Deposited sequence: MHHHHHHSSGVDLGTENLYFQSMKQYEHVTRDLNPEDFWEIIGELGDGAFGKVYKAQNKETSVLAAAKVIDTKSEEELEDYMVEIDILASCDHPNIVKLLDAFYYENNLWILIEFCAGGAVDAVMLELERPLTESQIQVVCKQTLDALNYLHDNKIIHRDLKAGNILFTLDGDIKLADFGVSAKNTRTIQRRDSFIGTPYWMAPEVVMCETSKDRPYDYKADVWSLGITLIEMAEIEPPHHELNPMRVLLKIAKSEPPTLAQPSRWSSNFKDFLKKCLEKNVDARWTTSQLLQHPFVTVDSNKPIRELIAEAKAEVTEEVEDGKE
């Protein structure tokens, strides 16, 4: 494939140091030549037709070039495994930090994570990518107090389908005006706004350690989302009006009324320019 190496043993290039987490396990790896650190996802594939299922993820990582999105370092197919090697963020996932410290982020910490996460998302949406699995477990801290967005395992990339859709020959007398005007679902915000709702839930998850409805039987959670008004902060006196106002723009069930990442970047809750609160957080867990 475009970005996947064949016929080579990944362990002739990358040395497994340990496990980071657990369709496989994720390892801490170290380049045998350069000492550069990596997370190595090792995905067990039965056949080669399965590689097609993991290729959109790999293409997204390979195609993205943003400070707050993790980079692809290498990928290998070898002895029925797909190895994906991804840049290493030494601070760990936001949710893992909250559980180790046994406390949520403070509001000033949430603003930094929110602001940088929004930058990542805005870039994705601009490039016709929907993340589709945003949560605190997929926001990773660097040693320098910045964040990177990760895990594009179920992301959608609409660039090739937009390319195929904008393609025609001969005079299109029968073309619908919404297709003429580039107002199909691929170019419209509608489907990208699913990420904006998830940002909102991630903000509450960072404010309260666990996401809304964490106490319910898992079988009830989808029903609860459908039935209920959007969630709010449990202890709203703890939080600024700008935090709560930001949330209301994300956690809006009317998708048309819900804000885009572009609109959200102008909100005073993300008008910050220092990661000092995150540097203080990662130093405390060290």
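Comparing the deposited sequence with the modelled residues, which stretches have no C-alpha coordinates? In the chain as deposited, 1-25, 48-49, 314-325 carry no coordinates.
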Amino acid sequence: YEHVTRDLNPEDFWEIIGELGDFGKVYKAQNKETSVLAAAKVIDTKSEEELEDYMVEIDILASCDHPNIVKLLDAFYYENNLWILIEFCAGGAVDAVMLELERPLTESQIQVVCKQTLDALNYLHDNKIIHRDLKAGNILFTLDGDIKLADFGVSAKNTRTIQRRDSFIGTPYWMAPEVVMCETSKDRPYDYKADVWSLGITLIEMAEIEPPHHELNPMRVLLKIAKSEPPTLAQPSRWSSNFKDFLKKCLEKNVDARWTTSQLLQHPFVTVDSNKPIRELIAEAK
From here on, numbers count along this sequence of modelled residues.
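If you superpose the two forms and keep the largest set of C-alpha atoms that fall within 1.5 Å, you have the rigid core.
C-alpha RMS from this form in 5 other deposited structures of this protein, rigid core superposed: larger for 173-181 or 191-199? Between the two stretches, 173-181 moves farther in 5 other deposited structures of this protein.
Which stretch is less alike in 5 other deposited structures of this protein, 37-45 or 60-68, counting RMS CA distance after the rigid core is superposed? More C-alpha displacement in 5 other deposited structures of this protein shows up in 37-45.
Quick check on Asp166: across the other compared entries (only those modelling residues on both sides), is it unmodelled in a third or more? Yes, left without coordinates in at least a third.
When the Cα temperature factors in the entry are averaged, is it 185-193 or 163-171 that ends up higher? According to the PDB entry, the answer is 163-171.
So 176-184 or 120-128, which one's hotter by mean CA B-factor in the entry? The stretch with the larger mean CA B-factor is 176-184.
By its CA B factor, does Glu57 count among the lowest, middle or highest third of the modelled residues in the chain? Within its chain, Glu57 is a highest-third residue by C-alpha B-factor, going by the deposited values.
Third of the chain's Cα B-factor distribution that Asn31 belongs to, per the entry: Answer is lowest: the recorded C-alpha B-factor places it there.
Third assignment of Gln263 from its chain's C-alpha B-factors: For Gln263, the deposited C-alpha B-factor lands in the middle third.
Select lowest, middle or highest to describe the third in which the CA B-factor of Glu205 falls within its chain in this entry. Middle third by C-alpha B-factor.
Grab the CA temperature factor for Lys253 from the record and place it in the lowest, middle or highest third of its chain. Answer is highest: the recorded C-alpha B-factor places it there.
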